[PDB]
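**Q** Counting in full-length UniProt numbering, the sequence shown runs from 147 upward without gaps.
Backbone N, C-alpha and C define an ideal beta-carbon position, used for all residues, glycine too.
Input: one structure, supplied below.
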Amino acid sequence: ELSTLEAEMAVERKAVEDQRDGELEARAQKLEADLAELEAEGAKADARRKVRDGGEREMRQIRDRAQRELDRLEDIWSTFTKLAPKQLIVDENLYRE
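And the structure:
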């Protein structure tokens, strides 16, 4: 059943990836809209610095959340493929997965 299981896993990984890409695109467009709005209004060259640092921090956050989910997936799959008796599984979360 390895072929079917790996197919399902690959599709799930791609689902995480495409969702991350959508979220990050949305947040990048929102950052550009907010910068344009600050430009239309009183444009403080430091307030736009604040909002750009905030946008980039949020994008780091989305990317890193999606990345930790992808890595969790990776460890699930490599553990199942290399599974063997006497193997110790310490993470309750990974074991229930």
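Cβ of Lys190 within 8 Å of any heavy atom in the ligand FAD?
**A** The ligand FAD is absent from the structure shown, which contains no ligands of any kind.
**Q** So what's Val236 in DSSP terms, helix, strand or just coil?
**A** coil
**Q** What does the alpha-carbon distance come out to for the pair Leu151 and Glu163?
**A** 18 Å
**Q** Express the C-alpha separation of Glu215 and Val197 in angstroms, rounding to a whole number.
**A** 27 Å
**Q** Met205 and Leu177 - do their beta-carbons sit closer together than 9 Å?
**A** yes
**Q** Are the CB atoms of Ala212 and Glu171 within a distance shorter than 9 Å?
**A** no
**Q** In whole angstroms, give me the CA-to-CA distance for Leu148 and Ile208.
**A** 31 Å
**Q** Rounding to the nearest angstrom, what Cα-Cα distance links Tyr241 and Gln165 in this structure?
**A** 25 Å
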